[PDB]
């Protein structure tokens, strides 16, 4: 099993991944076309992620502890994410407004913007689909190196993730190597 393989279009899995992507494209639904879908395989990261998930299901209060989220990226960054997973140390110096972590969107309409998934010379855009252990979340801010502090009224000292808004979150920020698993890569383009 190779790290990146084309997903056959005669499968229920292909139809389900494409339907969830279109369901959260909002105003961009009629201007985006799917070119192909690929399955990501990283056996060591998947096994380490599943152990973290089991621990969170036993400890965490909020349900669900896991969410399916989107991550737009550049064409040259694709092989490194497939081979090693997501890495907060490569966040860069620009626009880390909710901390030095890896950023995920609840809605495909955010990650499909050219500022997050810029097209290559052939017009193709890269958007990963990932299983993310969001658990209990707190407010994100610039300079965070780990999730924010819980404060008084809690035994645990830090949250599991950071967000843009604590009431209706649209962006989640992750600060641990085994807390997000890339499962699919959607290649898309402007109609």
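Positions refer to the first chain, counted from 1.
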* Asked: Comparing 88 to 96 with 102 to 110, where is the mean C-alpha B-factor higher?
  -> 88 to 96
* Asked: Per the PDB record, is the mean Cα temperature factor higher over 175 to 183 or over 19 to 27?
  -> 19 to 27
* Looking at 149, 126, 163, 129, which has the highest CA B-factor as recorded? -> 149
* To do: Ordered by C-alpha B-factor within the chain, which third holds residue 57? Give me lowest, middle or highest, please.
  => highest
* Asked: Hey, what third does residue 44 fall into on Cα B-factor, ranked over its chain?
  -> middle
* Asked: Mind checking which third residue 188 falls in for C-alpha B-factor across the chain?
  -> lowest
* Structure fact -> Quick tally, chain-level thirds of C-alpha B-factors: residue 72 sits in the lowest
* Rank-wise, by C-alpha B-factor, drop residue 145 into the lowest, middle or highest third of its chain. => middle
